[PDB]
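Peer 1: What follows is a single structure, and I will ask about it in a moment.
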Amino acid sequence: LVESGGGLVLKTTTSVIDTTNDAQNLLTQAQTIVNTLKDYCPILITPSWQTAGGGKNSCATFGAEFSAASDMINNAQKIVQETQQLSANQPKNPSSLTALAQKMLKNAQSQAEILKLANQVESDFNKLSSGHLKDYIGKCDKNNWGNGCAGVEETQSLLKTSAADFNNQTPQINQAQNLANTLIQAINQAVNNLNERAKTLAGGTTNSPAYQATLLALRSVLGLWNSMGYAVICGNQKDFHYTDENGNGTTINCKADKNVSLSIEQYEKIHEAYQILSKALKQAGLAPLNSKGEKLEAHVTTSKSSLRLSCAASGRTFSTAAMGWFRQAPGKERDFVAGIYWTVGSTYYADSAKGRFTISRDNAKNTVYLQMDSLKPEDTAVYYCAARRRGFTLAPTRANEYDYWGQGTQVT
């Protein structure tokens with residue numbers, strides 16, 4: 001028996017994404033996260049919901065939070081578009097002064113549209129953060145998962161303060177409409193007023209309830225993924241590098257179909273969407289709603305680690321018998337890894353090896369293969385391939401039961 005295979009293949013791929021921080025961009029990322037999460041409902045595994053969700057899907061456990069988060073995002077998209085027209089149809093300031101009745105009627109109607117959706121957001125934010133993630137998503141405390149760390153409590157706080165002062169200003173533009181609904185200079189005050197509340201609603205940040213509402217929508221799915229993303233099952237195998245606000249850098253190692261788990265491609269999209277969203281919100285921030293945006297760079301890093309051991313047999317063929325692998329950690333006994341037996345080629349795996357190790361064999365070539373993935377330093381031993389010409393009833397799994405052995409081959 002002759003052992004072959006080497007080099008422990010390592011790919012680390014880094015996406016460099018250069019995109020702006022305009023709200024229409026960020027909302028698409030935020031939409032990516034929720035929608036792929038809400039529409040495929042993958043099973044999940046100090047947290048409260050961890051005990052209940054384990055085994056069962058996440059839309060039973062977070063179905064309310066998702067449709068609440070989704071609505072914020074959809075409502076945020078609704079928030080973005082109204083201010084897009086509101087920028088062009090600002091009332092200006094010879095008797096064609098009849099498009100000024102509608103440019104007030106439109107500018108004032110749009111503003112009344114802006115506020116109601118802001119209520120649906122915070123209504124849905126309360127629908128979101130008063131569920132299982134009551135006191136996880138809001139605050140921020142080696143590892144930093146499980147807490148949202150989004151700064152939502154800051155945005156919710158500045159949103160209410162921003163909603164309260166546009167309710168102080170309501171009866172005034174609620175009467176600055178009824179005197180403009182007469183269609184058959186006190187309106188020139190409404191132009192400088194609306195074109196001024198419009199100037200503040202679309203161009204403002206700390207004070208604009210249009211801005212602050214959108215920000216809350218964005219940071220929510222940020223925190224929402226921070227609070228439970230690690231728990232989503234995904235998946236050949238990919239490492240998805242994350243980092244936390246503090247500096248602690250984590251990874252996430254990943255049959256993929258609806259209501260079970262995410263495919264790797266599906267996760268790739270969340271991860272990449274998260275990393276952008278994360279990078280845009282903490283550093284340069286969400287741009288004012290009438291802004292074209294500001295260039296920024298996200299990084300997105302993944303990792304694959306793989307090794308193939310082959311084992312060729314100089315005598316006859318063990319395809320109808322038993323071949324297997326043993327691992328000898330430094331200084332110990334030969335511990336069993338995997339075995340494939342009889343010509344039907346049934347397989348058996350060890351405790352440490354299920355899900356990440358795979359044995360196979362090309363009966364035609366009289367070689368057995370061991371594919372190793374999601375490699376950790378806990379492996380890194382000497383690996384032996386071992387064959388058995390003898391018959392057997394139970395699948396052999398200990399060293400004394402195999403008769404032919406290989407030289408041994410190092411792994412790192």
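Ligands are numbered from 1 in the order shown, chains are lettered A, B, ... in the order of the structure tokens, and residues start at 1 in each chain.
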Each residue of range 112-185 of chain A with at least one atom at most 12 Å from range 251-254 of chain A should appear once, together with its nearest atom pair and the corresponding distance in Å (one decimal); atoms considered: only C-alpha atoms; ordering: chain, then increasing residue number; output as CSV.

Peer 2:
```
residue,atom,partner,partner_atom,distance
A:143,CA,A:251,CA,10.5
A:144,CA,A:251,CA,11.8
A:145,CA,A:251,CA,11.0
```

Peer 1: With a distance cut-off of 12 Å and only C-alpha atoms, select the neighbouring residues of residue 269 in chain A, excluding the residue or stretch itself and same-chain residues fewer than 2 positions from it, and output the selection as a PDB file with C-alpha atoms, in the first residue's frame.

Peer 2:
```pdb
ATOM      1  CA  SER A  15     -13.868  40.637  -2.879  1.00  0.00           C
ATOM      2  CA  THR A  28     -30.960  46.825  -1.734  1.00  0.00           C
ATOM      3  CA  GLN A  29     -28.291  45.222   0.450  1.00  0.00           C
ATOM      4  CA  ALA A  30     -30.602  45.328   3.466  1.00  0.00           C
ATOM      5  CA  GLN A  31     -33.322  43.857   1.263  1.00  0.00           C
ATOM      6  CA  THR A  32     -30.969  41.073   0.211  1.00  0.00           C
ATOM      7  CA  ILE A  33     -30.383  40.039   3.840  1.00  0.00           C
ATOM      8  CA  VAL A  34     -34.005  39.862   4.957  1.00  0.00           C
ATOM      9  CA  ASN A  35     -35.571  38.590   1.758  1.00  0.00           C
ATOM     10  CA  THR A  36     -33.223  35.663   1.246  1.00  0.00           C
ATOM     11  CA  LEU A  37     -33.646  34.925   4.957  1.00  0.00           C
ATOM     12  CA  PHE A 240     -17.069  33.353   5.724  1.00  0.00           C
ATOM     13  CA  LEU A 262     -28.998  28.180   2.882  1.00  0.00           C
ATOM     14  CA  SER A 263     -26.868  27.195  -0.022  1.00  0.00           C
ATOM     15  CA  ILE A 264     -23.324  28.528   0.072  1.00  0.00           C
ATOM     16  CA  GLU A 265     -24.164  30.881  -2.797  1.00  0.00           C
ATOM     17  CA  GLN A 266     -27.109  32.122  -0.755  1.00  0.00           C
ATOM     18  CA  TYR A 267     -24.892  32.827   2.225  1.00  0.00           C
ATOM     19  CA  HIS A 271     -22.281  37.924   3.766  1.00  0.00           C
ATOM     20  CA  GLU A 272     -21.286  40.253   0.946  1.00  0.00           C
ATOM     21  CA  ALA A 273     -24.492  42.287   1.571  1.00  0.00           C
ATOM     22  CA  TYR A 274     -23.820  42.385   5.271  1.00  0.00           C
ATOM     23  CA  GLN A 275     -20.180  43.444   4.883  1.00  0.00           C
ATOM     24  CA  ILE A 276     -21.150  46.330   2.602  1.00  0.00           C
ATOM     25  CA  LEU A 277     -24.055  47.392   4.808  1.00  0.00           C
ATOM     26  CA  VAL A 300     -15.515  40.435   1.726  1.00  0.00           C
ATOM     27  CA  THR A 302     -13.878  33.693   2.258  1.00  0.00           C
TER      28      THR A 302
END
```

Peer 1: Quick one: DSSP strand (DSSP E) residues in range 145-297 of chain A, as a list in words?

Peer 2: residues 239, 240, 242, 243, 249, 250, 295, 296 and 297 of chain A

Peer 1: Write a file of the just-selected residues containing N, CA and C atoms, as a CSV table (one decimal), in the first residue's frame.

Peer 2:
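Now in result.csv:
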```csv
chain,number,residue,atom,x,y,z
A,239,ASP,N,-15.5,29.1,4.4
A,239,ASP,CA,-15.4,29.9,5.6
A,239,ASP,C,-15.8,31.3,5.2
A,240,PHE,N,-16.6,32.0,6.0
A,240,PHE,CA,-17.1,33.4,5.7
A,240,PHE,C,-16.5,34.2,6.8
A,242,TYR,N,-16.0,37.1,9.2
A,242,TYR,CA,-16.7,38.2,9.8
A,242,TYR,C,-15.7,39.0,10.7
A,243,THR,N,-16.1,40.2,11.1
A,243,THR,CA,-15.4,40.9,12.2
A,243,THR,C,-16.5,41.6,13.0
A,249,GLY,N,-12.3,39.2,15.3
A,249,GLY,CA,-12.6,38.7,14.0
A,249,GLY,C,-13.1,37.2,14.1
A,250,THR,N,-14.2,36.9,13.6
A,250,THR,CA,-14.8,35.6,13.7
A,250,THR,C,-14.8,35.0,12.3
A,295,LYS,N,-18.2,57.5,-2.2
A,295,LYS,CA,-17.6,56.3,-2.5
A,295,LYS,C,-16.9,55.7,-1.2
A,296,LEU,N,-17.0,54.4,-1.1
A,296,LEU,CA,-16.5,53.6,0.0
A,296,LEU,C,-16.1,52.2,-0.5
A,297,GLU,N,-15.2,51.5,0.3
A,297,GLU,CA,-14.8,50.2,-0.1
A,297,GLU,C,-15.1,49.2,1.0
```

Peer 1: Which one of A:48, A:53, A:125, A:184 sits closest to residue 101 in chain A if you count only C-alpha atoms?

Peer 2: A:184

Peer 1: Measuring atom to atom with only C-alpha atoms, identify which of A:231, A:328, A:350, A:86 is nearest to residue 110 in chain A.

Peer 2: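 Selected residue with least distance to residue 110 in chain A: A:86.
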
Peer 1: Give me the residues within 12 Å of residue 74 in chain A as a list in words, counting only C-alpha atoms and dropping any in the same chain fewer than 4 places off.

Peer 2: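 With the cut-off at 12 Å, the set is residues 24, 27, 28, 30, 31, 32, 34, 35, 66, 67, 68, 69, 70, 78, 79, 80, 81, 117, 118, 120, 121, 124, 213, 214, 217 and 218 of chain A.
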
Peer 1: Kindly export the residues of the current selection with N, CA, C and O atoms, as an mmCIF file, in the first residue's frame.

Peer 2:
```cif
data_model
loop_
_atom_site.group_PDB
_atom_site.id
_atom_site.type_symbol
_atom_site.label_atom_id
_atom_site.label_comp_id
_atom_site.auth_asym_id
_atom_site.auth_seq_id
_atom_site.Cartn_x
_atom_site.Cartn_y
_atom_site.Cartn_z
ATOM 1 N N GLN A 24 -30.531 54.244 -1.677
ATOM 2 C CA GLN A 24 -31.091 53.257 -2.595
ATOM 3 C C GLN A 24 -30.150 52.059 -2.719
ATOM 4 O O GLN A 24 -30.603 50.918 -2.863
ATOM 5 N N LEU A 27 -30.347 50.071 0.865
ATOM 6 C CA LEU A 27 -31.607 49.363 1.015
ATOM 7 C C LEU A 27 -31.625 48.078 0.204
ATOM 8 O O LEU A 27 -32.139 47.057 0.674
ATOM 9 N N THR A 28 -31.024 48.078 -0.986
ATOM 10 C CA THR A 28 -30.960 46.825 -1.734
ATOM 11 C C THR A 28 -30.156 45.778 -0.971
ATOM 12 O O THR A 28 -30.599 44.628 -0.838
ATOM 13 N N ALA A 30 -29.780 45.686 2.318
ATOM 14 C CA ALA A 30 -30.602 45.328 3.466
ATOM 15 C C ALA A 30 -31.753 44.438 3.047
ATOM 16 O O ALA A 30 -32.189 43.557 3.806
ATOM 17 N N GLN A 31 -32.277 44.688 1.840
ATOM 18 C CA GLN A 31 -33.322 43.857 1.263
ATOM 19 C C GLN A 31 -32.793 42.464 0.970
ATOM 20 O O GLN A 31 -33.477 41.465 1.216
ATOM 21 N N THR A 32 -31.578 42.376 0.432
ATOM 22 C CA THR A 32 -30.969 41.073 0.211
ATOM 23 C C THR A 32 -30.995 40.228 1.473
ATOM 24 O O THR A 32 -31.493 39.096 1.464
ATOM 25 N N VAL A 34 -32.716 40.346 4.467
ATOM 26 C CA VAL A 34 -34.005 39.862 4.957
ATOM 27 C C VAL A 34 -34.651 38.929 3.949
ATOM 28 O O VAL A 34 -35.059 37.816 4.299
ATOM 29 N N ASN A 35 -34.759 39.360 2.690
ATOM 30 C CA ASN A 35 -35.571 38.590 1.758
ATOM 31 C C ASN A 35 -35.035 37.180 1.561
ATOM 32 O O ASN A 35 -35.803 36.215 1.616
ATOM 33 N N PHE A 66 -39.193 39.040 10.884
ATOM 34 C CA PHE A 66 -38.802 39.157 9.481
ATOM 35 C C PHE A 66 -39.768 40.041 8.701
ATOM 36 O O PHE A 66 -39.345 40.976 8.010
ATOM 37 N N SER A 67 -41.069 39.744 8.773
ATOM 38 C CA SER A 67 -42.044 40.576 8.078
ATOM 39 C C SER A 67 -42.079 41.991 8.651
ATOM 40 O O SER A 67 -42.465 42.934 7.949
ATOM 41 N N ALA A 68 -41.711 42.163 9.923
ATOM 42 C CA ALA A 68 -41.521 43.507 10.464
ATOM 43 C C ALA A 68 -40.287 44.178 9.867
ATOM 44 O O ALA A 68 -40.320 45.365 9.518
ATOM 45 N N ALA A 69 -39.170 43.449 9.791
ATOM 46 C CA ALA A 69 -37.962 43.999 9.180
ATOM 47 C C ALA A 69 -38.162 44.263 7.691
ATOM 48 O O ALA A 69 -37.776 45.320 7.179
ATOM 49 N N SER A 70 -38.755 43.298 6.981
ATOM 50 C CA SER A 70 -39.072 43.468 5.569
ATOM 51 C C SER A 70 -39.924 44.702 5.331
ATOM 52 O O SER A 70 -39.689 45.451 4.377
ATOM 53 N N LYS A 78 -40.057 53.016 0.060
ATOM 54 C CA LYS A 78 -41.145 53.959 -0.146
ATOM 55 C C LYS A 78 -40.740 55.357 0.320
ATOM 56 O O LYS A 78 -41.110 56.360 -0.309
ATOM 57 N N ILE A 79 -39.983 55.434 1.428
ATOM 58 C CA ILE A 79 -39.469 56.706 1.944
ATOM 59 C C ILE A 79 -38.486 57.346 0.966
ATOM 60 O O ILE A 79 -38.483 58.570 0.771
ATOM 61 N N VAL A 80 -37.625 56.536 0.350
ATOM 62 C CA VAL A 80 -36.614 57.081 -0.551
ATOM 63 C C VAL A 80 -37.240 57.685 -1.799
ATOM 64 O O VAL A 80 -36.864 58.784 -2.220
ATOM 65 N N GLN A 81 -38.207 56.993 -2.408
ATOM 66 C CA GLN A 81 -38.708 57.448 -3.704
ATOM 67 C C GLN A 81 -39.500 58.756 -3.603
ATOM 68 O O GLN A 81 -39.399 59.607 -4.496
ATOM 69 N N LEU A 117 -45.472 56.572 6.677
ATOM 70 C CA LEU A 117 -44.612 55.406 6.533
ATOM 71 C C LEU A 117 -43.604 55.331 7.678
ATOM 72 O O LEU A 117 -43.311 54.242 8.190
ATOM 73 N N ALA A 118 -43.083 56.483 8.107
ATOM 74 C CA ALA A 118 -42.217 56.519 9.277
ATOM 75 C C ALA A 118 -42.903 55.909 10.489
ATOM 76 O O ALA A 118 -42.245 55.288 11.332
ATOM 77 N N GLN A 120 -45.237 53.470 10.256
ATOM 78 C CA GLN A 120 -45.237 52.035 9.987
ATOM 79 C C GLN A 120 -43.877 51.405 10.246
ATOM 80 O O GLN A 120 -43.807 50.248 10.678
ATOM 81 N N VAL A 121 -42.791 52.147 10.017
ATOM 82 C CA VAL A 121 -41.459 51.626 10.328
ATOM 83 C C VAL A 121 -41.312 51.396 11.828
ATOM 84 O O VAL A 121 -41.065 50.272 12.282
ATOM 85 N N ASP A 124 -43.297 48.797 13.090
ATOM 86 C CA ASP A 124 -42.707 47.514 12.735
ATOM 87 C C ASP A 124 -41.383 47.312 13.461
ATOM 88 O O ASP A 124 -40.988 46.169 13.717
ATOM 89 N N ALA A 213 -35.714 57.621 9.808
ATOM 90 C CA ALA A 213 -36.517 56.417 9.643
ATOM 91 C C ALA A 213 -35.759 55.384 8.825
ATOM 92 O O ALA A 213 -35.683 54.207 9.203
ATOM 93 N N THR A 214 -35.189 55.816 7.698
ATOM 94 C CA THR A 214 -34.401 54.923 6.856
ATOM 95 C C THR A 214 -33.228 54.330 7.617
ATOM 96 O O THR A 214 -32.976 53.121 7.544
ATOM 97 N N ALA A 217 -34.267 51.499 9.652
ATOM 98 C CA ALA A 217 -34.507 50.320 8.837
ATOM 99 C C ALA A 217 -33.194 49.616 8.509
ATOM 100 O O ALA A 217 -33.078 48.391 8.665
ATOM 101 N N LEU A 218 -32.178 50.390 8.121
ATOM 102 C CA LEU A 218 -30.886 49.820 7.746
ATOM 103 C C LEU A 218 -30.224 49.119 8.929
ATOM 104 O O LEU A 218 -29.841 47.945 8.838
#
```

Peer 1: Counting only C-alpha atoms, what is within 8 Å of range 333-346 of chain A, bar same-chain residues fewer than 6 positions away, as a PyMOL selection string?

Peer 2: chain A and resi 318-327+353+357-361+395-399

Peer 1: Have a look at CA of residue 208 in chain A and CA of residue 223 in chain A and let me know their distance in Å, one decimal.

Peer 2: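 Spanning CA of residue 208 in chain A to CA of residue 223 in chain A is a straight-line distance of 22.1 Å.
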
Peer 1: Contacts of range 128-139 of chain A at 12 Å or less, counting only C-alpha atoms, minus same-chain residues fewer than 6 places along, as an MDAnalysis selection string?

Peer 2: chainID A and resid 46:53 58 60:72 120:122 145:157 216:217 219:229

Peer 1: I need the residues from that last selection saved to file as a compact mmCIF listing (two decimals), in the first residue's frame (with N, CA and C atoms), if you can.

Peer 2:
```
# COMPACT_ATOMS: atom_id res chain seq x y z
N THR A 46 -26.93 31.78 27.02
CA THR A 46 -27.41 33.16 27.11
C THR A 46 -28.57 33.56 26.15
N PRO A 47 -28.69 32.96 24.97
CA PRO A 47 -29.85 33.25 24.13
C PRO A 47 -31.12 32.51 24.54
N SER A 48 -32.26 33.17 24.31
CA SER A 48 -33.55 32.61 24.70
C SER A 48 -34.10 31.66 23.64
N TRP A 49 -34.15 32.13 22.39
CA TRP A 49 -34.69 31.41 21.24
C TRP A 49 -33.83 30.23 20.80
N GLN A 50 -32.59 30.13 21.29
CA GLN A 50 -31.70 29.05 20.89
C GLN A 50 -32.27 27.69 21.29
N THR A 51 -32.85 27.60 22.49
CA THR A 51 -33.40 26.33 22.96
C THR A 51 -34.64 25.92 22.18
N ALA A 52 -35.48 26.89 21.81
CA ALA A 52 -36.73 26.57 21.13
C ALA A 52 -36.51 26.29 19.66
N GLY A 53 -35.65 27.08 19.01
CA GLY A 53 -35.48 26.98 17.57
C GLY A 53 -34.74 25.73 17.12
N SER A 58 -36.50 28.93 11.38
CA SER A 58 -36.41 30.29 11.88
C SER A 58 -37.64 31.14 11.58
N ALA A 60 -40.72 30.03 11.96
CA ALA A 60 -41.58 29.83 13.11
C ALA A 60 -41.09 30.68 14.28
N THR A 61 -39.77 30.79 14.44
CA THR A 61 -39.20 31.49 15.58
C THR A 61 -39.10 32.99 15.35
N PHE A 62 -38.89 33.42 14.11
CA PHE A 62 -38.75 34.85 13.84
C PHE A 62 -39.63 35.36 12.70
N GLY A 63 -40.67 34.62 12.36
CA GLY A 63 -41.54 35.04 11.26
C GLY A 63 -42.10 36.44 11.41
N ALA A 64 -42.38 36.85 12.65
CA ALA A 64 -42.87 38.20 12.91
C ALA A 64 -41.77 39.23 12.72
N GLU A 65 -40.59 38.95 13.29
CA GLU A 65 -39.47 39.87 13.16
C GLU A 65 -39.08 40.09 11.70
N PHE A 66 -39.19 39.04 10.88
CA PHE A 66 -38.80 39.16 9.48
C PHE A 66 -39.77 40.04 8.70
N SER A 67 -41.07 39.74 8.77
CA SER A 67 -42.04 40.58 8.08
C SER A 67 -42.08 41.99 8.65
N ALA A 68 -41.71 42.16 9.92
CA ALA A 68 -41.52 43.51 10.46
C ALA A 68 -40.29 44.18 9.87
N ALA A 69 -39.17 43.45 9.79
CA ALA A 69 -37.96 44.00 9.18
C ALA A 69 -38.16 44.26 7.69
N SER A 70 -38.76 43.30 6.98
CA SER A 70 -39.07 43.47 5.57
C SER A 70 -39.92 44.70 5.33
N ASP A 71 -40.94 44.91 6.16
CA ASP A 71 -41.81 46.05 5.94
C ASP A 71 -41.05 47.36 6.15
N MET A 72 -40.22 47.44 7.20
CA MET A 72 -39.34 48.59 7.35
C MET A 72 -38.54 48.85 6.09
N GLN A 120 -45.24 53.47 10.26
CA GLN A 120 -45.24 52.04 9.99
C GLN A 120 -43.88 51.41 10.25
N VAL A 121 -42.79 52.15 10.02
CA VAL A 121 -41.46 51.63 10.33
C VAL A 121 -41.31 51.40 11.83
N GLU A 122 -41.48 52.46 12.62
CA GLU A 122 -41.29 52.32 14.06
C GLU A 122 -42.36 51.42 14.68
N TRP A 145 -20.92 38.10 18.87
CA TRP A 145 -22.21 37.71 18.31
C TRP A 145 -23.29 37.62 19.37
N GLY A 146 -24.54 37.64 18.92
CA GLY A 146 -25.67 37.55 19.80
C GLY A 146 -26.26 38.89 20.20
N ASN A 147 -25.45 39.95 20.23
CA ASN A 147 -25.94 41.32 20.39
C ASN A 147 -25.96 42.05 19.05
N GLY A 148 -27.03 42.81 18.81
CA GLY A 148 -27.17 43.51 17.54
C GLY A 148 -26.05 44.49 17.25
N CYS A 149 -25.61 45.23 18.27
CA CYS A 149 -24.56 46.23 18.13
C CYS A 149 -24.79 47.11 16.92
N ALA A 150 -26.04 47.52 16.71
CA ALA A 150 -26.35 48.35 15.56
C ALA A 150 -26.47 49.83 15.87
N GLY A 151 -26.62 50.19 17.15
CA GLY A 151 -26.90 51.57 17.51
C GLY A 151 -28.33 51.93 17.18
N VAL A 152 -29.23 50.95 17.27
CA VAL A 152 -30.63 51.21 16.95
C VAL A 152 -31.27 52.11 17.99
N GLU A 153 -30.92 51.91 19.27
CA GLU A 153 -31.50 52.71 20.34
C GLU A 153 -31.21 54.19 20.12
N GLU A 154 -30.08 54.49 19.48
CA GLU A 154 -29.77 55.87 19.11
C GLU A 154 -30.67 56.36 17.99
N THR A 155 -30.94 55.51 17.01
CA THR A 155 -31.75 55.97 15.89
C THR A 155 -33.23 56.04 16.27
N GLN A 156 -33.73 55.02 16.97
CA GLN A 156 -35.09 55.08 17.48
C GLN A 156 -35.30 56.34 18.32
N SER A 157 -34.30 56.68 19.13
CA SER A 157 -34.40 57.85 20.00
C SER A 157 -34.48 59.14 19.20
N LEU A 216 -32.95 53.70 10.71
CA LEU A 216 -33.44 52.67 11.61
C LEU A 216 -33.71 51.38 10.86
N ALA A 217 -34.27 51.50 9.65
CA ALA A 217 -34.51 50.32 8.84
C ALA A 217 -33.19 49.62 8.51
N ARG A 219 -30.06 49.84 10.05
CA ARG A 219 -29.38 49.30 11.21
C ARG A 219 -30.11 48.12 11.81
N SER A 220 -31.42 48.03 11.58
CA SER A 220 -32.18 46.92 12.13
C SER A 220 -31.71 45.59 11.57
N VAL A 221 -31.68 45.47 10.24
CA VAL A 221 -31.25 44.23 9.61
C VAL A 221 -29.76 44.03 9.87
N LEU A 222 -29.03 45.12 10.10
CA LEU A 222 -27.68 44.97 10.61
C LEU A 222 -27.70 44.23 11.93
N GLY A 223 -28.34 44.82 12.95
CA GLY A 223 -28.41 44.16 14.24
C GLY A 223 -29.08 42.80 14.18
N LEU A 224 -30.17 42.71 13.40
CA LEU A 224 -30.89 41.45 13.28
C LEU A 224 -29.96 40.32 12.83
N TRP A 225 -29.11 40.58 11.84
CA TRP A 225 -28.15 39.56 11.45
C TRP A 225 -27.08 39.37 12.53
N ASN A 226 -26.60 40.46 13.12
CA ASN A 226 -25.66 40.31 14.22
C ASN A 226 -26.23 39.50 15.35
N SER A 227 -27.53 39.62 15.60
CA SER A 227 -28.07 38.99 16.79
C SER A 227 -28.26 37.50 16.60
N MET A 228 -28.40 37.04 15.36
CA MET A 228 -28.65 35.62 15.15
C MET A 228 -28.07 35.02 13.88
N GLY A 229 -27.25 35.74 13.11
CA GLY A 229 -26.83 35.21 11.82
C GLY A 229 -25.98 33.97 11.94
```

Peer 1: Leaving out residue 284 in chain A and any residue of its chain fewer than 4 positions from it, which residues lie within 10 Å of it when counting only C-alpha atoms, given as a VMD selection string?

Peer 2: chain A and resid 20 to 21 279 to 280 294 to 296

Peer 1: If you run DSSP over the backbone, which residues in range 75-170 of chain A end up helix (DSSP H, G or I)? Put them as number ranges by chain.

Peer 2: A: 75-88, 99-129, 152-168, 170

Peer 1: Smallest atom-to-atom distance to residue 1 in chain A: which of A:410, A:310, A:102, A:393, using only C-alpha atoms?

Peer 2: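 Selected residue with least distance to residue 1 in chain A: A:310.
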
Peer 1: To one decimal place, how far is CA of residue 164 in chain A from CA of residue 282 in chain A in Å?

Peer 2: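 Taking CA of residue 164 in chain A and CA of residue 282 in chain A, their separation equals 26.2 Å.
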